[PDB]
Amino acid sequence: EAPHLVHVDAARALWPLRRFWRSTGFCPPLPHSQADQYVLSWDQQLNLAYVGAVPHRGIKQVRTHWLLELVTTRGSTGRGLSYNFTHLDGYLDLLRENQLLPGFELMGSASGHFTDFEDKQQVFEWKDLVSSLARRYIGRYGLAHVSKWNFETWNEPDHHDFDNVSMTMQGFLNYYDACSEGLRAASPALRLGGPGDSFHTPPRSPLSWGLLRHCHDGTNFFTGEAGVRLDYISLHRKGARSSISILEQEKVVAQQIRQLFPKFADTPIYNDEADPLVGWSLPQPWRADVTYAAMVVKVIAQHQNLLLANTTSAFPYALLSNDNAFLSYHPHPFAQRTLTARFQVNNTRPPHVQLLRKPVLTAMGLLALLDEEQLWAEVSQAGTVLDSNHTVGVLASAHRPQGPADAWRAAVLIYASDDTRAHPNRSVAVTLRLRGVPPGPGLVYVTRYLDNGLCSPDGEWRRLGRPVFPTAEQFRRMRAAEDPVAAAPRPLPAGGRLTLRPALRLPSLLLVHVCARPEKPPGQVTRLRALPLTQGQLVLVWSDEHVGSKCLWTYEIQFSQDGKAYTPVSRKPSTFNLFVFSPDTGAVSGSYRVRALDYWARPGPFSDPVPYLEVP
């Protein structure tokens, strides 16, 4: 085996790097009218804390099915229709509380009322419903916030998942017009896209091709205008276990759109379910560990280096979402396509829920450290240059600084992944040759590493015999494998060159973070919260909105029980904005506070205290 060479020139900022992957999503179970019980459940509350605790807004939106099953109604068409938004307010406040946006799929029946989009009585009632919504949440969150949301059509229209609603090829086009004008009526600044399906070659995917034709050439059901707003085009294409085939399928579709619809040439394209394998609930061991994490990175790596960065076609790809915010079910907590592993610990009084952070979710924290400029990189084996369409690849960024709380930064993220297949008995030798690093005050570097050996709570869980209701002790042990293995800051050598020679496993991830010293220390931690889990445990979550620099070693957390002094909580070094505090003694009632610790051992200010009192 000739080593894998990786060259990275930090002098050459080639073009901007966009964080186009910062999305997740899910679907409530049956019955859809009870979606509010799944969605406002204490489980989902913990789930979205974990989603929003990824550093530096690493996950932004949460695309959510059946949202309009959170709206109830009263009266009727002739009598006087009135909507109840209370459950929808609950879910949207919950996203807001976790600094997350909804991928607002205009999807549902308002608890029965909507039944047929060929009935024009209803097509109008829908327009006004959408307009009511928008106006209500514009008043609630401000137009600036709501204008960020991705409003979307009903999910996968060509899969007939409409429940008991008559949505014909034509009725669907009517429904769209109601949505487009319903939003228009509230504000021309809101954004609407669709259809959210496969766009198979005709006559397959009738409604997906129909809608494009409609918005491109057809008539508005309301105004009677030529063509209709189409802010973005969303497709779903999944890999069937192949990472490159996702990208290959997207080019085929895109090319068809570019030819059949000249006006849409510059229309943004999303793949808002860009998953490795269709069927989120299917047990797959590779979904449980780093094998999935790395394959996710590998996909993003291909999209950046083979599509976005530099291409003849230069298709207008704008978003990628891995649809994996689902809560998992016994008896496969880890093996489903989820960001977190759910444990329904029923044998406590009362019963409670625990979530474990899976590697895929942590890997999104490594992607989050990527900055706004893409750096020239070349991966080669023997003499031959390898693109991202290979088991080992890389993404590297630079940060052009501005303020005195900020400085130059580079992040090199190297993946080793054979998609869904692992290779436990293999070592991949790599030689990172970083060059061109510009001079700066106190240049340090930090490595963060993931593999199944060192960083897999599933592997730990399996080692402990797969307990169905782990003990507190056992949760602490599984959680010890959540964060990557982190080497402490080592000053760079002189001359501006760094050569590391790691033996990466397969699968595995390596982030090399190189940082200049900012003049000033970190900013302050905000929005500290203490959510109870069970007697003797709680979750601490908080925001890094005003923390500033990304050159962070960890968050120091301090706890003062009774009225005694504050004491540091001993824990694994983590940039993750959430921590489960499970003291072996069980003493948790007191006050907590948190602050950032940068690579130069400089603390930011402490957060406001959060008092906690356990009520048995």
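Note that residue numbering follows the sequence shown and begins at 1.
Per the PDB record, of the two stretches 174-182 and 158-166, 158-166 carries the greater mean B-factor over its C-alpha atoms. As the entry records it, the average C-alpha temperature factor is higher for 73-81, out of 73-81 and 283-291. If you compare the C-alpha temperature factors of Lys238, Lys127, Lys358, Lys120 in the entry, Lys120 comes out highest. Comparing the listed residues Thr471, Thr348, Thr384, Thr362, the entry records the largest Cα B-factor for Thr384. Per the PDB record, residue ranking by Cα B-factor puts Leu30 in the middle third of the chain.
Per the deposited record, the Cα B-factor of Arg63 falls in the lowest third when ranked against the other modelled residues of its chain. When all modelled residues of the chain are sorted by CA temperature factor, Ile557 is found within the lowest third.
For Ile246, the recorded CA B-factor ranks within the middle third of the chain. Only modelled residues enter the ranking.
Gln255: CA B factor in the highest third of modelled residues in this chain (values from the PDB entry).
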